[PDB]
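J.: this one's structure only:
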Ligand SMILES: NC(=[NH2+])NCCC[C@H](NC(=O)[C@@H](N)Cc1ccc(O)cc1)C(=O)O
Ligand SMILES: [Mg+2]
Ligand SMILES: [Mg+2]
Ligand SMILES: [Mg+2]
């Protein structure tokens with residue numbers, strides 16, 4: 001089963017920072033990163049990447065080091 005990395009809205013990080021982090025960590029374009037940031041902000045969370053459990057563990061670690069609230073879970 002594939003897994004997903006989820007980023008959760010938090011009250012401290014800047015919207016602008018989160019958009020930048022998605023570009024920096026995943027290479028996403030600015031429209032893509034902005035859309036994911038706004039999904040987190042307006043829905044409370046968003047899937048930001050998908051793949052094997054092991055690969056999502058890395059994405060979670062990278063996001064934590066950037067200061068974002070990230071978890072992973074199995075995709076159903
Ligand atoms: N640094 C700072 N001024 N903090 C106060 C809040 C700033 C505000 N940020 C938000 O509204 C965030 N909730 C946006 C956000 C955080 C995390 C994630 O993952 C997505 C979105 C602002 O930017 O004005
Ligand atoms: Mg907010
Ligand atoms: Mg966060
Ligand atoms: Mg799903």
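T.: Cool, the structure landed. Numbering: from 1, shown residues only. Ligands and ions are numbered 1, 2, ... in the order given.
J.: contacts for stretch 27-34, please.
T.: 19, 20, 22, 23, 26, 36 (CB atoms under 8 Å, 6 or more residues apart in numbering). Heads up, the C-betas are built off the backbone N, CA and C, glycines and all.
J.: now the helix or strand harbouring residue 20: buried residues?
T.: If you go by DSSP states H and E, residue 20 is part of helix 15-26. For helix 15-26, a neighbour-count test (16 or more other CB atoms under 10 Å) marks 18, 19, 21, 22, 25, 26 as buried.
J.: now the residue lying closest to residue 21 once chain neighbours are set aside. Its backbone dihedrals?
T.: The shortest distance from residue 21 to any non-neighbouring residue, by CB to CB, 6 or more residues apart in numbering, is to residue 66 (4.7 Å). The phi/psi pair for residue 66 (degrees, to the nearest 10) reads phi -80, psi -10.
J.: so residue 66 is in contact with residue 25, correct?
T.: Yes: Residue 66 is in contact with residue 25 according to CB atoms under 8 Å; the separation is 6.5 Å.
J.: thinking again about what came up before, and the helix holding residue 20, does that touch ligand 3?
T.: No: shown here: helix 15-26 not in contact with ligand 3 (CB under 5 Å from the ion), separated by at least 6.6 Å.
J.: which other helices and strands contact that helix?
T.: helix 30-43, strand 45-51, helix 53-65 (3 or more CB pairs under 8 Å, 6 or more residues apart in numbering; DSSP states H and E).
J.: just checking: what are the partner strands of the second one?
T.: For strand 45-51, the paired strands and their directions (DSSP bridges) are strand 3-8 (antiparallel).
J.: nothing else from me, thank you.
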